[PDB]
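Okay, here we've got a single chain as structure tokens, the form deposited in one PDB entry, with questions on binding and movement later.
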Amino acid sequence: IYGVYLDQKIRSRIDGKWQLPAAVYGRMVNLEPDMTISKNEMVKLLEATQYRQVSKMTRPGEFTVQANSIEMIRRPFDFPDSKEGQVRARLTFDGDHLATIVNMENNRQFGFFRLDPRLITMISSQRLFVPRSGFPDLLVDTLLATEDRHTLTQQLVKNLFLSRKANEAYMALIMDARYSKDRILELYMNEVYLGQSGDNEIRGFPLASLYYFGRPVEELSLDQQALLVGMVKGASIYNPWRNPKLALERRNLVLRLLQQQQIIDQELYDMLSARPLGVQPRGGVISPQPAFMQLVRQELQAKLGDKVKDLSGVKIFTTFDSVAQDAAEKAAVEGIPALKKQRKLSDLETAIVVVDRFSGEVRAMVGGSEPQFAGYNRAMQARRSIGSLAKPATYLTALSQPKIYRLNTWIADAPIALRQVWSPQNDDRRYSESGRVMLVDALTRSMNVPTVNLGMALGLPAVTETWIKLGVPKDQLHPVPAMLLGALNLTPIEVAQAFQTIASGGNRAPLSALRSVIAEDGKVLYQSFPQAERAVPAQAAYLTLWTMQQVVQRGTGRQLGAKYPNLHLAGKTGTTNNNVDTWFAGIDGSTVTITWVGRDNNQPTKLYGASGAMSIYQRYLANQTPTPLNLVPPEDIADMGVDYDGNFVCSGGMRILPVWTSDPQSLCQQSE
């Protein structure tokens, strides 16, 4: 009964079938002649779209770099607009911009050169069962040149059934005749043990192609197939990131082993033997971008519905920006250890969210001080208290009443006591000796007593109505005199949507991460359109966004205006009582960034809002090239000058402040 027993056990493991996976792409870049991008700014964009920089390109996906230009072979892609193939373009640069996109094939010109998006990850529900015809032709021939399976039957049983010399040996004898030799290797190449990551087993050539190179197995270069085949006798000995000198002498060994049965000449060998390890030089992950992909799967469940379970072969198009995500992670993993050691802190975390200024598309996300971990997303689940970051919504309600509240209205700065008895004290405990401060020196310096004296005069039923227009949920707003100073609990994904209505000029655009979902045959299952609803007046969201340029240049965030004085950042620094949380919401010409820095156990941190999330931010700016903030004044905004006593004057004045007025002759009445 031995023969009958083993046969039934074989079919048990062999069965379990397959389907295709769904691919998740990033955003699409469109290169254009005379566009603001440098050569070193262009190599960091291609290297983030998974473009191997080689010294002699021969296969789609490789780009070389030259004197003052960049040659490249754009890999084929099926764009939602049209279907395109290879393109050999030579991007000639002109210093700080892009001159020409001459097509190398016939020295033609290009109107605008489209770039294929990057593959974030593949999702199946890993199934990843590429059939016997989905593997390259030089892959089986490279596995046979180093594993003659004209030998392959025993190797299958060792990986499949084992992690018993009698069982597996008898297993191989009955598997050889019962199954065809083309059904054998199809099960082998999809089950080989090729590496170990943490506690998860990297099995198969499909799943090991994405793990090591981040690209489908049908696109492996012949020097990358030799590395992946040379690591069948590897498994945490011959793998890179540990011994990237031993995987290399095994890579070259398989090449000269597979050039014996001639399929590579000496010119091709010296070419391939010189290319370094093509592995993604960051550390492969089984499930990459876990913080962002939580926002996508949530967006897929809501926007599609019950069809989210039948995603087979569909291409998913997101708004993920890869250059901004590399700079967001590079600042969290390298900034948090620099804050912990200086204050002798035991733990410390972070979260960073980047959205587009005018459209609300999410470009980056970081869930913690180790963004490549999984299990807790602090940018979507950590509900912290915003603190001093809730003043821009008090002054945005004052400034939306231009008949009575301007940038020079005098606010009282006297000791106050209310009934929640409550008596706020300034964040530095100092009081103005004149007894009053203007409405611009109150937000620039982030004063606590004037903000209450201004917030109590408007009434909380009005400061609450502003918070709802900005896009916070009605259930988080509990109206008490402490809300004015930031007794508000919001996740970094709700603070980024609040400061996006101020940054765009009042146009509330709902944050999104799905661009479009195209089925496998060409049918469009979902196509996103902008909403961009109007919330606050464009003249009140400019006077607030102007004052937020003073809180960066000479205000509480002046330490940024001394480092990037050309960008003209706008940003509010957030502090709390005893520094439980510290934020920094900063705005530049293109994106809104929200940073949080605090301890998960809710204890004090010793970090001040100008040294916590603000120091993580001035790293995020250094890891890329930001766009300057240029505020264009809307209609009816007219600059007027004030004298010493804070009155409008006809000409001169010791200070110039914008004023929302349709008849700038208000100074004629206030001069007299």
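The first residue of the sequence shown is number 1, and the count goes up from there.
- In this entry, residue 420 is separated from residue 421 by 4 to 9 residues of the deposited sequence that have no coordinates.
- Missing deposited residues between residue 163 and residue 164: 4 to 9, all without coordinates in the entry.
Heads up, the form deposited with a partner chain bound isn't pictured, but that's what we're talking about next.
- With its partner chain left out of view, the stretch that reaches within 4.5 Å of it through heavy atoms in the deposited complex is, among 303 to 311, 395 to 403, 597 to 605, 268 to 276, 268 to 276.
- Of the residues given (138, 382, 438, 519), 138 alone sits with a heavy atom within 4.5 Å of its partner chain in the deposited complex.
- Distance criterion of 4.5 Å from any heavy atom to its partner chain in the deposited complex singles out 55 from the list 627, 66, 55, 647.
- Residue contact with its partner chain in the deposited complex: residue 338 places no heavy atom within 4.5 Å of it.
- Residue 221 belongs to the set of residues with a heavy atom inside 4.5 Å of its partner chain in the deposited complex.
- In the deposited complex, residue 262 approaches its partner chain with a heavy atom inside 4.5 Å.
- Contact annotation: residue 27 falls outside 4.5 Å of its partner chain in the deposited complex, judged by heavy atom distances.
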